[PDB]
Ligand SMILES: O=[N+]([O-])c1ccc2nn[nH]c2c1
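The data below hold one chain only, encoded as structure tokens and taken in the form solved without this ligand.
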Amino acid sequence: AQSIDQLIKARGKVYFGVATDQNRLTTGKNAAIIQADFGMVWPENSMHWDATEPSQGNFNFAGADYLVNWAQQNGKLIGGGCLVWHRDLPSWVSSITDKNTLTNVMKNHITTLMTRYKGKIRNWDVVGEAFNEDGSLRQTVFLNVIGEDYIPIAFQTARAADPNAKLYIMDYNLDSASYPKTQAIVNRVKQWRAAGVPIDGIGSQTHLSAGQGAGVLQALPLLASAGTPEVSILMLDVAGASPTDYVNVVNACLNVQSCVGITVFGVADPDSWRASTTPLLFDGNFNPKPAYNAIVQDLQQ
């Protein structure tokens, strides 16, 4: 079973990565597969806000520490979870109505996580899921209380905390070039970067249905037209795991110079958040599926 990370590096990319966490690495065959076949690990849950700061100032780092240590001991790159988003946000944060307080709470959360792992994390998702489907800004507690400058503030705070990290904005449903959300994030990132905001990358959280891989061949070039140094495919899975869909997504990254790599949202189907759609590259016996072998063949040519 050849390594898709080694093959994608040979094509000039940085990594083929996977989401994982402590109890994945201690069960199944996940550790062995990640050691052999993937070049970068991401925290499935252990760096999100609900996991890391469940009460104000009460930081929970045991899970993230385990992942970072494991990655360093096994020579893997590390991607950092989402620092600022609304999903599963603890109630103590969404209850805050004072602009100064929330600004400092946001800054402290960013700075504390990034400082702890300073120099060890290749890229951080600083802001996630900030856009509505129509392309307007999603009305989260951060937008409602801080205002539109919360995105500039978050990225400026992150850059100061670890200047070595690549700083990403991330969203989903960026999979079609004709979708308003895709066009909107490009336009806003262009305008933020022109004003000096340090957005190094756009990460596309690519959760696809059967047959949607082909659209990424046109969407990813559009995302790259925003002019960020990097773009990436994040937390990829595909209902049905057709080889055609997976190969199309891989070729989209190969076709876009600034695409640095691809991360898949888990190793084996039974550990997927949508396991009934068997959407990953390894089956419930940890055997590589046809999609894995099709990626290998596509990368060899």
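Numbering starts at 1 and follows the sequence shown.
There is also a form deposited with this ligand bound; it is not shown, and the following applies to it.
Chemist: Is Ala219 part of the interface with this ligand in the bound PDB entry - any heavy atom within 4.5 Å?
Modeler: No, no contact at 4.5 Å.
Chemist: Is there a heavy atom of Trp42 lying 4.5 Å or less from a heavy atom of this ligand in the bound PDB entry?
Modeler: Result yes; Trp42 sits at the interface with this ligand in the bound PDB entry.
Chemist: Hey, in the bound PDB entry, is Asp125 touching this ligand, heavy atoms inside 4.5 Å?
Modeler: Result yes; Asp125 sits at the interface with this ligand in the bound PDB entry.
Chemist: Do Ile169 and this ligand come within 4.5 Å of each other in the bound PDB entry, heavy atoms counted?
Modeler: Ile169 lies outside the contact set for this ligand.
Chemist: Can you pick the one in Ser242, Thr263, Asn30, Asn251 that has a heavy atom within 4.5 Å of this ligand in the bound PDB entry?
Modeler: Only one listed residue qualifies here, and that residue is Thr263.
Chemist: Please pick, from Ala130, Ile185, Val197, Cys82, the one residue with any non-hydrogen atom lying within 4.5 angstroms of this ligand in the bound PDB entry.
Modeler: Checked against the cut-off, the match is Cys82.
Chemist: Whether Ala19, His48 and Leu234 jointly form a contact site for this ligand in the bound PDB entry is the question; each needs a heavy atom within 4.5 Å.
Modeler: Heavy-atom distance to this ligand in the bound PDB entry: all three under 4.5 Å.
Chemist: Since the chain is shown here on its own, which stretch among 210-218, 141-149, 74-82, 94-102 would lie within 4.5 Å of this ligand in the bound PDB entry, judged by heavy atoms?
Modeler: Looking at the other structure, the answer is 74-82.
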